[PDB]
Amino acid sequence: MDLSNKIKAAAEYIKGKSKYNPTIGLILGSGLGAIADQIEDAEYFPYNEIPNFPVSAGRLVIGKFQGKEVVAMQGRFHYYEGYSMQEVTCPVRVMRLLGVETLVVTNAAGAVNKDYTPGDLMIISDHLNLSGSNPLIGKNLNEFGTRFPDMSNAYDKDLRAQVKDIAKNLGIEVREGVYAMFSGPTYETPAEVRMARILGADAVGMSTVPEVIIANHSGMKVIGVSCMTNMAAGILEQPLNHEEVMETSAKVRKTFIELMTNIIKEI
Amino acid sequence: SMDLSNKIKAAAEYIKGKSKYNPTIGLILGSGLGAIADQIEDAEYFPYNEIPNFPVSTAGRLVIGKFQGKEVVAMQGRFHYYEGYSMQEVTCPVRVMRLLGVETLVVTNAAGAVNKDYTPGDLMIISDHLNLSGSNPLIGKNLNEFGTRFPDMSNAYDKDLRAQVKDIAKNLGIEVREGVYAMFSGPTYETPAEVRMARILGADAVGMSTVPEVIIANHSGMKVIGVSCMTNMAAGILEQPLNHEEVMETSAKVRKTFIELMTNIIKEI
Amino acid sequence: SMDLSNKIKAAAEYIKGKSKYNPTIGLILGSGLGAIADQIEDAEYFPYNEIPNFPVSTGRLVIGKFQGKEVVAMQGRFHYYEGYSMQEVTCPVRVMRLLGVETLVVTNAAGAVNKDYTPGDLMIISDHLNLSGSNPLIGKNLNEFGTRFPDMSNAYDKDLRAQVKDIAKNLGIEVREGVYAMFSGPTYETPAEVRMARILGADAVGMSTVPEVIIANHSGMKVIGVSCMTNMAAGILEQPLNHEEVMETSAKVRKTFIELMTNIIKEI
Ligand SMILES: O=c1[nH]cnc2c([C@@H]3N[C@H](CO)[C@@H](O)[C@H]3O)c[nH]c12
Ligand SMILES: O=c1[nH]cnc2c([C@@H]3N[C@H](CO)[C@@H](O)[C@H]3O)c[nH]c12
Ligand SMILES: O=c1[nH]cnc2c([C@@H]3N[C@H](CO)[C@@H](O)[C@H]3O)c[nH]c12
């Protein structure tokens, strides 16, 4: 089965066991899994039961949310754990076949812009791929998109205006800047963070960019919000630590959920 | 590797056994630029799917014959790293052309103009390059019959030959630019942020090719001239999506001037 | 079917059962500096092609006494440009940790991007940039060595770096300090890529060191990096780069380099 058939086999499996035509995809990262656990009349598809899914826990949650039919990944597949870029982004392809037209991606990142504070929410206006790989390398899947997809509106400008307008109505302070993905799993060095600032990055992370590339190629609109869980490694004298990342993510979590619940109602 | 070396020589011996020519000039043409191969005289034709160990495509051909007093072999169609080939698969035809006798390589490509003073249709003499792809064609065991383990890259695009191209274009009235070409892996078009980073790194043009061939060319002992056609302004400069149909149309509108430059270059080389 | 975790265990098991030593300092020498390992006394030799699961060549481990310390030296390292994976390149560091190594001393030869330097200078590495395109920690995390997301704010120990500078001052050895950028290789950089490297904040460009430093820090080891500027980085001068001259410049200051290395190992 070519990668093309393997994607379709996973989609026909879910479609044959689903009452839903989900229109919004959710890749929740910054501890926003609580959003998935509030989906109504949910169907659950764990990854190990879906054919051709990446192996080794997480699950797909499909159901109702603020009048929208959604599908959400609980756990994410990461490039630093050893998965290929094709395995990392396969759930996005299956999402397209389930009917997804708008993808909402959230993550946790380190603030490179010295004007940010941990806890801030940065709408992703653009990204820099600094990992050394590309998920579209290989034979093009013509049933999904063109060989040379455009990336001038990777994070839909009109959707970004909607988030800003929604955040203003709710009184939620929001930032907007360029996200940069490193492969990981090492935290960046102080010199690499200064390099990221020079290249134009406002935040650094280890995800998001692969699925945003595939979602655009598959004909989806993409909206991305990154939660600054820490200052990037070079800016403060304290060492970076993942227990600190989850903690800061948990502090501003409720505001993040409120912002993300309102956009899905209004998309 | 020995397997690669065997398969490279097996491809060249196949071509040599069926060819009348001993070419010294090589050409690598990137799609909307392959029409100059149609002007090679009494040409021989070798489709890639008939040459042993040539990478299978997802139908490009070698064109060998006379051109402006020289004997040339032109790659009508090149293999790209974004299609899934390894770096060694992408560049192994350059090794084949070397065993064919090629001493000077003319690399052409289509690229997006990062320099805001450039215009779609301009021709850029590649003076240097930035490898931003995340791979190197020489990683692995060295092919000792072709070059050294640590090849120098200080004159990758021959300075004397760039000066000869600048004088030929001046003699013909052809405006030519000269700048640095950056290669991304592809097949995505760069984001506006990646284009601004490309300018910060010192790049005047962005493309998805050239760099791997130039590395293997210089490693093999060949001189290289790079002429990149500005088929579009790089992403984010204008308020337009980037489209492969635009790349093809601009390549087609500048073909006449591009043929006249290269035709004279090959004669005076 | 033996996982990476047990392959490293078997390598350490093989060396341990054949060694009376528990070295605390690891030496990845490469700026020539093979004489350092020659001066290891009462030494035990472990050829690479005899340690189980070590990467295949086309080198040896030296363990013994040095300046009051018990050390294990890597005589000849594995490079990413030769085709080894990032895990094959750094596997000896995992083995060195199981042998009890607490501090890693990495030397190399690099091209000087900073125009202040002159060929022959010695630069303490204060930080690095990974421009190779890979990372030796990508894959399943080895829980017995370190954490999933290791911090890299002190990749080259600051207190140790100051001790080198004190030792270099009492010895009268000139010393620079700057950032090391690792390209993949094996090509020498282009003049544009060198200009890019400086814009990125790099003072030297090389083809190694970065993978070992990442794995050493992940395993809980302190790292000292010393780079010898064997040449001006490409484009800085109007002459080509080649390996014969890198080795000539490494040879011209081996004595001075070796005074520094013998003294720091003594005072660590
Ligand atoms: O400063 C950072 N650099 C890189 N990644 C992260 C993250 C994200 N959280 C996780 C590791 O803290 C991981 O998913 C990573 O993408 C938070 N802060 C940073
Ligand atoms: O702006 C650009 N960015 C990247 N590649 C290209 C190209 C080249 N042409 C093809 C894409 O249209 C592809 O082979 C690439 O190398 C033209 N313009 C651009
Ligand atoms: O200017 C340079 N660029 C990249 N590597 C090196 C080296 C080192 N010596 C070897 C290549 O000459 C290799 O180990 C590389 O790490 C010396 N100078 C340079």
Side-chain angles (χ1 to χ4, degrees), chain A residues 54-56 77-85 87-88 108-110 112 128-134 137 180-201 204-207 229-246, chain C residues 3-4 80 85-87 90 113 125-143 145-158 177-184 196-204 209-211 213-219 223 225:
Chain A
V55 198
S56 60
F77 294 117
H78 289 266
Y79 179 67
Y80 55 79
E81 284 265 314
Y83 304 114
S84 59
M85 282 282 168
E87 282 168 326
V88 162
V112 169
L128 301 160
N129 182 4
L130 302 172
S131 77
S133 211
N134 188 304
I137 280 164
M181 177 202 51
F182 289 92
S183 80
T186 41
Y187 284 120
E188 291 75 27
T189 74
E192 288 165 340
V193 152
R194 299 200 300 273
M195 157 180 82
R197 184 180 300 105
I198 282 149
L199 302 171
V204 293
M206 324 180 307
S207 83
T229 53
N230 55 286
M231 284 337 270
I235 309 163
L236 298 173
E237 319 82 354
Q238 34 184 70
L240 266 55
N241 151 276
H242 181 64
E243 254 73 31
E244 160 201 3
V245 161
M246 293 177 295
Chain C
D3 58 23
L4 178 65
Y80 185 66
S85 83
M86 268 317 167
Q87 263 102 328
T90 58
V113 171
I125 302 157
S126 63
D127 211 354
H128 68 224
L129 308 165
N130 186 4
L131 315 172
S132 77
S134 193
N135 191 311
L137 282 176
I138 289 166
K140 172 160 155 318
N141 188 56
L142 309 183
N143 283 347
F145 281 102
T147 188
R148 160 87 285 182
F149 309 120
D151 174 79
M152 288 300 277
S153 301
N154 192 40
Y156 305 80
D157 189 67
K158 183 222 208 143
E177 183 173 44
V179 181
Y180 172 95
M182 182 215 180
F183 287 79
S184 72
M196 165 183 81
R198 183 178 303 109
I199 290 166
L200 265 38
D203 297 287
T209 317
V210 154
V213 168
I214 287 180
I215 298 290
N217 271 277
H218 181 260
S219 306
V223 186

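Protein chains get the first letters and strands the later ones, always in sequence-line order, with residue 1 at the start of each.
Judged by distance alone, the side chain of C/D127 and the main-chain N or O of A/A191 form a donor-acceptor pair under 3.5 Å.
Within the 4.5 angstrom heavy-atom criterion, only side-chain atoms of A/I198, from C-beta onward, approach chain C. Of the atoms belonging to C/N141, not a single heavy atom falls under 4.5 Å from chain A. Within the 4.5 angstrom heavy-atom criterion, no atom of A/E237 approaches chain C. Contacts of A/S131 with chain C are made by backbone atoms alone, with heavy-atom separations under 4.5 Å and no side-chain atom involved. If you measure heavy-atom distances from A/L199 to chain C, the contacts under 4.5 Å come from the side chain alone. Residue A/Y83: no heavy atom, backbone or side chain, is found under 4.5 Å from chain C. For C/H218, no part sits under 4.5 Å from any heavy atom of chain A, backbone or side chain.
Rounding to the nearest 0.5 Å gives a distance of 13.0 Å between CD1 of C/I138 and NE2 of A/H78. Atom CG of residue C/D151 and atom OG1 of residue A/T189 lie 10.0 Å apart, to the nearest 0.5 angstrom.
With chain C as the partner, the residue from A/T186, A/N241, A/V245 showing the most heavy-atom pairs under 4.5 Å is A/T186. For the options C/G201, C/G133, C/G139, C/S153, heavy-atom pairs under 4.5 Å to chain A are most numerous at C/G139. Top candidate by heavy-atom pairs under 4.5 Å with chain C, chosen from A/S183, A/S133, A/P185, A/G82, is A/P185.
Residues C/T147 and A/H242 fail the side-chain proximity criterion, which asks for heavy atoms closer than 4.5 Å. For the pair A/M195/C/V179, no side-chain contact is recorded, criterion being any heavy-atom separation below 4.5 Å from C-beta on.
Ring-plane geometry between A/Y80 and C/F149 is classed as perpendicular, the angle between the planes exceeding 60 degrees on a 0 to 90 degree scale with a lower cut at 30.
Listed by chain and number, the residues in a salt bridge (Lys or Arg N to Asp or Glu O under 4.0 Å) with A/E81 are C/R148 (sequence neighbours excluded).
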